[PDB]
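Asker: If you scroll down you'll find the structure; I have some questions about it.
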There are 2 protein chains.
Amino acid sequence: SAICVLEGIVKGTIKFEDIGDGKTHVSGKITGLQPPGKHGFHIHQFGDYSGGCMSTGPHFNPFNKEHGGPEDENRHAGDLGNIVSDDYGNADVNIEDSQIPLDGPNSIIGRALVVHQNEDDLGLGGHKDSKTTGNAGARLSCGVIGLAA
Amino acid sequence: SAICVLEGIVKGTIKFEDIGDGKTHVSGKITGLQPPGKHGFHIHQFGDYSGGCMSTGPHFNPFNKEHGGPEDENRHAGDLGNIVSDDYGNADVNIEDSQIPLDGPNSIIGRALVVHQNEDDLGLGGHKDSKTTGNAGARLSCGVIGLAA
Ligand SMILES: [Cu+2]
Ligand SMILES: [Cu+2]
Ligand SMILES: [Zn+2]
Ligand SMILES: [Zn+2]
């Protein structure tokens, strides 16, 4: 098991459980996520927010692919897609994925979870930065991913 | 390299560098650390502060020893001893140690750094809890230890 306490504007505790396989299940309640709609949600390379969310670096990309959506083969391991907030800024996270293991050479422990101001276009927006960040825009919050009981 | 952004009352960014060996060097500037004098400083088992610093659990103890000081053989790997704050609450951390590696089966990545209200008696206080926590008292702040560039 692993766990992430979000720091920044958007608040919440995100748990990670080996499910497993194979797959890990990521969940938790998020609040303060404005405006309502879809927001990019990604594991980034470094678990360092000493300099703000900017210091977590680029998307976690161990298999050296382009940015995509969680269902594409051509996809960063850290590409969890979008989560959705309602009119009050509340969101429930409930995602299953098989490129974010809790051990092994490509584990996510000690990396960072990041949630974004905009929708992640899943690499299909035809923007300058579509194929790297999904054009997801500003980093609202981040948390270091930690070993949990 | 690894890094810790302190959350709680006491503020600061603590860096961890393989030095190395062998040994890792831990440093950074801390503020808000009252009252002046010695405060226990320890790596704890879980990088989880979802429930407050309490959720980081006991001292990191991979080699299954009793609590001691950093120079004892009979010592938790997480036992970094005491740091010192001046009259204004400021402290400079500068410690070298060889039981807190940044990789391997006994790495500290994804665990937690914790700083305490009291002096750690290094297992010599003859208190109920001397040989487990050093009688270090309340957890003022904690940070998850993260992978850094
Ligand atoms: Cu991101
Ligand atoms: Cu401690
Ligand atoms: Zn990506
Ligand atoms: Zn100890």
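As shown in the structure tokens, the chain order sets the letters A, B, ...; within each chain, residues go from 1, and ligands are also counted from 1 in the order they appear.
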Considering only C-alpha atoms, return as a count of residues only whatever protein or nucleic-acid residues lie within 6 Å of residue A:145, sequence-local ones (same chain, fewer than 6 positions apart) excluded.

Answerer: 6

Asker: Within 10 Å of chain B, which residues of chain A show up when using only C-alpha atoms, listed as a PyMOL selection string?

Answerer: chain A and resi 2-7+12-15+45-51+55-57+108-112+143-149

Asker: Please provide as an mmCIF file with N, CA and C atoms, in the first residue's frame all residues within 10 Å of residue B:62, with the sequence filter that same-chain residues fewer than 5 positions apart are discarded (counting only C-alpha atoms).

Answerer:
```
data_model
loop_
_atom_site.group_PDB
_atom_site.id
_atom_site.type_symbol
_atom_site.label_atom_id
_atom_site.label_comp_id
_atom_site.auth_asym_id
_atom_site.auth_seq_id
_atom_site.Cartn_x
_atom_site.Cartn_y
_atom_site.Cartn_z
ATOM 1 N N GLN B 45 8.679 4.840 9.869
ATOM 2 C CA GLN B 45 8.455 3.719 9.001
ATOM 3 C C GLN B 45 7.637 4.081 7.770
ATOM 4 N N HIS B 76 18.068 2.123 16.064
ATOM 5 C CA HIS B 76 17.227 2.034 14.857
ATOM 6 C C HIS B 76 17.938 2.707 13.694
ATOM 7 N N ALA B 77 17.770 2.177 12.497
ATOM 8 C CA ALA B 77 18.362 2.818 11.350
ATOM 9 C C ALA B 77 17.843 4.269 11.249
ATOM 10 N N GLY B 78 16.626 4.522 11.746
ATOM 11 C CA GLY B 78 16.012 5.838 11.616
ATOM 12 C C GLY B 78 16.453 6.845 12.678
ATOM 13 N N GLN B 99 23.068 4.301 7.708
ATOM 14 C CA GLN B 99 21.921 3.398 7.771
ATOM 15 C C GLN B 99 20.672 4.019 7.108
ATOM 16 N N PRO B 105 17.024 -2.627 -0.591
ATOM 17 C CA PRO B 105 15.888 -3.171 0.155
ATOM 18 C C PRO B 105 15.612 -2.410 1.431
ATOM 19 N N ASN B 106 16.607 -1.687 1.912
ATOM 20 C CA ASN B 106 16.429 -0.933 3.134
ATOM 21 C C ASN B 106 16.519 0.558 2.886
ATOM 22 N N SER B 107 15.991 0.996 1.746
ATOM 23 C CA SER B 107 16.072 2.402 1.398
ATOM 24 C C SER B 107 15.074 3.183 2.235
#
```

Asker: How would chain B read as a PDB file with C-alpha atoms, in the first residue's frame after a least-squares superposition onto chain A over every Cα atom, matched in order?

Answerer:
```pdb
ATOM      1  CA  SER B   1       0.000   0.000   0.000  1.00  0.00           C
ATOM      2  CA  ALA B   2       0.975   3.608  -0.680  1.00  0.00           C
ATOM      3  CA  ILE B   3      -0.676   7.012   0.005  1.00  0.00           C
ATOM      4  CA  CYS B   4      -0.641  10.674  -1.030  1.00  0.00           C
ATOM      5  CA  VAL B   5      -1.562  13.726   1.000  1.00  0.00           C
ATOM      6  CA  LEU B   6      -2.310  16.521  -1.402  1.00  0.00           C
ATOM      7  CA  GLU B   7      -0.646  19.897  -0.818  1.00  0.00           C
ATOM      8  CA  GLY B   8      -1.812  23.111  -2.493  1.00  0.00           C
ATOM      9  CA  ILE B   9      -5.158  24.524  -3.469  1.00  0.00           C
ATOM     10  CA  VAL B  10      -6.938  21.194  -3.987  1.00  0.00           C
ATOM     11  CA  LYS B  11      -7.205  19.005  -0.854  1.00  0.00           C
ATOM     12  CA  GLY B  12      -7.387  15.244  -0.365  1.00  0.00           C
ATOM     13  CA  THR B  13      -5.789  11.956   0.607  1.00  0.00           C
ATOM     14  CA  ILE B  14      -5.295   9.548  -2.264  1.00  0.00           C
ATOM     15  CA  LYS B  15      -4.693   5.884  -1.419  1.00  0.00           C
ATOM     16  CA  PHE B  16      -2.915   3.371  -3.638  1.00  0.00           C
ATOM     17  CA  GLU B  17      -3.492  -0.356  -3.304  1.00  0.00           C
ATOM     18  CA  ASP B  18      -1.957  -3.332  -5.191  1.00  0.00           C
ATOM     19  CA  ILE B  19      -4.986  -5.145  -6.546  1.00  0.00           C
ATOM     20  CA  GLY B  20      -3.068  -7.140  -8.010  1.00  0.00           C
ATOM     21  CA  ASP B  21      -1.626  -8.516 -10.303  1.00  0.00           C
ATOM     22  CA  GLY B  22      -0.670  -6.251 -12.078  1.00  0.00           C
ATOM     23  CA  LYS B  23      -3.067  -3.417 -11.333  1.00  0.00           C
ATOM     24  CA  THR B  24      -3.309  -0.767  -8.671  1.00  0.00           C
ATOM     25  CA  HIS B  25      -6.430   0.994  -7.507  1.00  0.00           C
ATOM     26  CA  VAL B  26      -6.291   4.674  -6.714  1.00  0.00           C
ATOM     27  CA  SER B  27      -9.005   6.386  -4.722  1.00  0.00           C
ATOM     28  CA  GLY B  28      -9.989   9.192  -2.404  1.00  0.00           C
ATOM     29  CA  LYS B  29     -12.185  12.235  -1.998  1.00  0.00           C
ATOM     30  CA  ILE B  30     -10.932  15.541  -3.411  1.00  0.00           C
ATOM     31  CA  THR B  31     -12.238  19.006  -2.609  1.00  0.00           C
ATOM     32  CA  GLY B  32     -11.526  22.512  -3.881  1.00  0.00           C
ATOM     33  CA  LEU B  33     -11.204  21.406  -7.484  1.00  0.00           C
ATOM     34  CA  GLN B  34     -12.419  24.262  -9.643  1.00  0.00           C
ATOM     35  CA  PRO B  35     -13.794  24.848 -12.076  1.00  0.00           C
ATOM     36  CA  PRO B  36     -16.200  21.917 -12.482  1.00  0.00           C
ATOM     37  CA  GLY B  37     -15.406  19.378 -15.182  1.00  0.00           C
ATOM     38  CA  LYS B  38     -12.394  17.304 -16.167  1.00  0.00           C
ATOM     39  CA  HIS B  39      -8.886  17.780 -14.729  1.00  0.00           C
ATOM     40  CA  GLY B  40      -5.640  16.120 -15.727  1.00  0.00           C
ATOM     41  CA  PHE B  41      -4.297  13.716 -13.154  1.00  0.00           C
ATOM     42  CA  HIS B  42      -0.785  12.319 -13.459  1.00  0.00           C
ATOM     43  CA  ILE B  43       2.114  10.720 -11.639  1.00  0.00           C
ATOM     44  CA  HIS B  44       5.204  12.838 -12.172  1.00  0.00           C
ATOM     45  CA  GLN B  45       8.826  11.929 -12.024  1.00  0.00           C
ATOM     46  CA  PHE B  46      10.101  13.445  -8.760  1.00  0.00           C
ATOM     47  CA  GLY B  47       8.541  13.483  -5.314  1.00  0.00           C
ATOM     48  CA  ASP B  48       9.862  16.990  -4.773  1.00  0.00           C
ATOM     49  CA  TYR B  49       7.602  19.984  -4.200  1.00  0.00           C
ATOM     50  CA  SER B  50      10.289  22.029  -2.463  1.00  0.00           C
ATOM     51  CA  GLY B  51      10.042  24.537  -5.284  1.00  0.00           C
ATOM     52  CA  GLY B  52       6.281  24.162  -5.748  1.00  0.00           C
ATOM     53  CA  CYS B  53       4.511  21.611  -7.938  1.00  0.00           C
ATOM     54  CA  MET B  54       6.881  22.667 -10.732  1.00  0.00           C
ATOM     55  CA  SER B  55       9.709  20.720  -9.044  1.00  0.00           C
ATOM     56  CA  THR B  56       7.996  17.344  -9.561  1.00  0.00           C
ATOM     57  CA  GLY B  57       9.252  17.590 -13.158  1.00  0.00           C
ATOM     58  CA  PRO B  58       7.683  15.908 -16.251  1.00  0.00           C
ATOM     59  CA  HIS B  59       5.256  12.944 -16.399  1.00  0.00           C
ATOM     60  CA  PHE B  60       6.612   9.661 -15.045  1.00  0.00           C
ATOM     61  CA  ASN B  61       7.769   7.956 -18.250  1.00  0.00           C
ATOM     62  CA  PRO B  62       9.760   4.811 -17.593  1.00  0.00           C
ATOM     63  CA  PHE B  63       8.927   3.161 -20.922  1.00  0.00           C
ATOM     64  CA  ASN B  64       9.845   6.231 -22.881  1.00  0.00           C
ATOM     65  CA  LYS B  65       6.574   6.860 -24.859  1.00  0.00           C
ATOM     66  CA  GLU B  66       4.635  10.009 -25.834  1.00  0.00           C
ATOM     67  CA  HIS B  67       1.840  11.537 -23.740  1.00  0.00           C
ATOM     68  CA  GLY B  68      -1.498   9.783 -24.195  1.00  0.00           C
ATOM     69  CA  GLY B  69      -4.632   8.611 -22.356  1.00  0.00           C
ATOM     70  CA  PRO B  70      -4.777   5.744 -19.828  1.00  0.00           C
ATOM     71  CA  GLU B  71      -6.185   3.342 -22.416  1.00  0.00           C
ATOM     72  CA  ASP B  72      -3.617   4.080 -25.164  1.00  0.00           C
ATOM     73  CA  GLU B  73      -0.564   1.880 -25.566  1.00  0.00           C
ATOM     74  CA  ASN B  74       1.346   5.049 -26.493  1.00  0.00           C
ATOM     75  CA  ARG B  75       1.189   6.635 -23.126  1.00  0.00           C
ATOM     76  CA  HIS B  76       3.328   7.683 -20.137  1.00  0.00           C
ATOM     77  CA  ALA B  77       3.090   5.275 -17.250  1.00  0.00           C
ATOM     78  CA  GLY B  78       2.075   8.351 -15.194  1.00  0.00           C
ATOM     79  CA  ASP B  79      -0.908   9.201 -17.472  1.00  0.00           C
ATOM     80  CA  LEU B  80      -3.975   8.561 -15.326  1.00  0.00           C
ATOM     81  CA  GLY B  81      -6.304  10.613 -17.549  1.00  0.00           C
ATOM     82  CA  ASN B  82      -8.861  13.026 -16.095  1.00  0.00           C
ATOM     83  CA  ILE B  83     -10.848  13.130 -12.860  1.00  0.00           C
ATOM     84  CA  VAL B  84     -14.101  15.002 -12.566  1.00  0.00           C
ATOM     85  CA  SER B  85     -15.244  17.688 -10.137  1.00  0.00           C
ATOM     86  CA  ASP B  86     -18.874  18.661  -9.638  1.00  0.00           C
ATOM     87  CA  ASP B  87     -20.297  22.197  -9.316  1.00  0.00           C
ATOM     88  CA  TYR B  88     -19.083  22.426  -5.724  1.00  0.00           C
ATOM     89  CA  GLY B  89     -15.497  21.456  -6.494  1.00  0.00           C
ATOM     90  CA  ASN B  90     -15.752  17.924  -5.140  1.00  0.00           C
ATOM     91  CA  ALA B  91     -14.392  14.912  -6.981  1.00  0.00           C
ATOM     92  CA  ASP B  92     -14.168  11.223  -6.312  1.00  0.00           C
ATOM     93  CA  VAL B  93     -11.161   9.408  -7.581  1.00  0.00           C
ATOM     94  CA  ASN B  94     -11.554   5.865  -8.628  1.00  0.00           C
ATOM     95  CA  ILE B  95      -9.090   4.568 -11.186  1.00  0.00           C
ATOM     96  CA  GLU B  96      -7.472   1.222 -11.940  1.00  0.00           C
ATOM     97  CA  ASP B  97      -4.196   1.018 -13.833  1.00  0.00           C
ATOM     98  CA  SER B  98      -1.334  -1.391 -14.471  1.00  0.00           C
ATOM     99  CA  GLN B  99       1.624   0.905 -15.113  1.00  0.00           C
ATOM    100  CA  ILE B 100       1.786   2.290 -11.578  1.00  0.00           C
ATOM    101  CA  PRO B 101       3.112  -0.538  -9.382  1.00  0.00           C
ATOM    102  CA  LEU B 102       4.065  -0.114  -5.688  1.00  0.00           C
ATOM    103  CA  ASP B 103       7.368  -2.005  -6.020  1.00  0.00           C
ATOM    104  CA  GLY B 104       9.875  -3.079  -8.670  1.00  0.00           C
ATOM    105  CA  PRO B 105      12.332  -0.992 -10.720  1.00  0.00           C
ATOM    106  CA  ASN B 106       9.449   1.009 -12.085  1.00  0.00           C
ATOM    107  CA  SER B 107       7.620   1.635  -8.841  1.00  0.00           C
ATOM    108  CA  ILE B 108       5.903   4.977  -8.143  1.00  0.00           C
ATOM    109  CA  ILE B 109       6.927   5.183  -4.446  1.00  0.00           C
ATOM    110  CA  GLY B 110       8.690   8.478  -3.742  1.00  0.00           C
ATOM    111  CA  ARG B 111       7.360  10.048  -6.933  1.00  0.00           C
ATOM    112  CA  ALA B 112       4.505  12.609  -7.023  1.00  0.00           C
ATOM    113  CA  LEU B 113       0.837  12.778  -7.836  1.00  0.00           C
ATOM    114  CA  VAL B 114      -0.248  16.016  -9.540  1.00  0.00           C
ATOM    115  CA  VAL B 115      -3.677  17.486 -10.274  1.00  0.00           C
ATOM    116  CA  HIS B 116      -4.170  20.127 -12.898  1.00  0.00           C
ATOM    117  CA  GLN B 117      -6.278  23.112 -13.719  1.00  0.00           C
ATOM    118  CA  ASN B 118      -7.333  21.968 -17.218  1.00  0.00           C
ATOM    119  CA  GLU B 119      -8.625  18.939 -19.004  1.00  0.00           C
ATOM    120  CA  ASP B 120      -5.916  16.593 -20.281  1.00  0.00           C
ATOM    121  CA  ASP B 121      -6.622  16.216 -24.011  1.00  0.00           C
ATOM    122  CA  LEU B 122      -5.089  12.711 -23.943  1.00  0.00           C
ATOM    123  CA  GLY B 123      -2.584  13.626 -26.662  1.00  0.00           C
ATOM    124  CA  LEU B 124      -5.303  14.474 -29.201  1.00  0.00           C
ATOM    125  CA  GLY B 125      -5.636  18.233 -28.875  1.00  0.00           C
ATOM    126  CA  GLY B 126      -3.159  19.021 -31.577  1.00  0.00           C
ATOM    127  CA  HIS B 127      -1.514  21.621 -29.356  1.00  0.00           C
ATOM    128  CA  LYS B 128       2.201  22.333 -29.161  1.00  0.00           C
ATOM    129  CA  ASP B 129       2.300  20.478 -25.857  1.00  0.00           C
ATOM    130  CA  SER B 130      -0.419  17.855 -26.455  1.00  0.00           C
ATOM    131  CA  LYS B 131       1.995  15.006 -26.832  1.00  0.00           C
ATOM    132  CA  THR B 132       3.989  15.859 -23.726  1.00  0.00           C
ATOM    133  CA  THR B 133       1.601  17.180 -21.035  1.00  0.00           C
ATOM    134  CA  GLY B 134      -1.840  16.796 -22.620  1.00  0.00           C
ATOM    135  CA  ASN B 135      -2.179  20.577 -22.442  1.00  0.00           C
ATOM    136  CA  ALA B 136      -3.349  20.085 -18.873  1.00  0.00           C
ATOM    137  CA  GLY B 137      -2.146  23.497 -17.734  1.00  0.00           C
ATOM    138  CA  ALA B 138      -1.385  24.624 -14.202  1.00  0.00           C
ATOM    139  CA  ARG B 139      -0.480  22.350 -11.308  1.00  0.00           C
ATOM    140  CA  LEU B 140      -3.073  23.050  -8.584  1.00  0.00           C
ATOM    141  CA  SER B 141      -1.746  20.531  -6.063  1.00  0.00           C
ATOM    142  CA  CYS B 142       0.800  17.746  -5.600  1.00  0.00           C
ATOM    143  CA  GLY B 143       1.631  15.163  -2.953  1.00  0.00           C
ATOM    144  CA  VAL B 144       4.584  12.857  -2.481  1.00  0.00           C
ATOM    145  CA  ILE B 145       3.629   9.214  -2.778  1.00  0.00           C
ATOM    146  CA  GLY B 146       4.463   7.442   0.426  1.00  0.00           C
ATOM    147  CA  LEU B 147       4.780   3.966   1.821  1.00  0.00           C
ATOM    148  CA  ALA B 148       1.617   3.205   3.926  1.00  0.00           C
ATOM    149  CA  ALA B 149       0.738   0.351   6.340  1.00  0.00           C
TER     150      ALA B 149
END
```

Asker: Please return, as JSON, numbers by chain, all residues of stretch 95-149 of chain B that DSSP assigns to strand (DSSP E) on the basis of the backbone.

Answerer: {"B": [95, 96, 97, 112, 113, 114, 115, 116, 139, 140, 141, 142, 143, 144, 145, 146, 147]}

Asker: Residues of stretch 15-136 of chain B classed as helix (DSSP H, G or I) by DSSP on the backbone are to be reported as a ChimeraX atom specification.

Answerer: /B:53-56
